[PDB]
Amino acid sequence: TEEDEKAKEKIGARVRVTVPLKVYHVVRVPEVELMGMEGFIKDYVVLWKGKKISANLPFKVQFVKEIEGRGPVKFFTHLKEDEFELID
């Protein structure tokens, strides 16, 4: 639980995506490139109601992206530790 306690500390921290990565679940945005975008970690989804889950993308990260003609859309995407860097 020493990698889980290390990971739990990062909840709420600001991150930036360091690798090219496209996601398709943002509502009414068919495709989003996440390389360079900034958000913060909202959860470490490996831990769930006292139990442990075998999620390969354990960090649920909140992003807001500006869409022309419509306004900021808020969404979540799960990331691996090697796909983002912490900010300051």
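Don't overthink the numbering: it's just position in the shown sequence, from 1.
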Between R16, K22, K65, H78, where does the Cα B-factor run highest in the record? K65
Comparing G69 with the other modelled residues of its chain, is its CA B-factor in the lowest, middle or highest third? middle
Compare the C-alpha B factor of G39 with those of the other modelled residues in its chain, then answer lowest, middle or highest third. lowest
Chain third (lowest, middle, highest) by recorded CA B-factor, residue given as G50: highest
Would you mind checking where the Cα B-factor of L57 ranks among the modelled residues of its chain, as the lowest, middle or highest third? lowest
Among all modelled residues of this chain, ranked by Cα B factor, put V26 in the bottom, middle or top third, i.e. lowest, middle or highest. middle
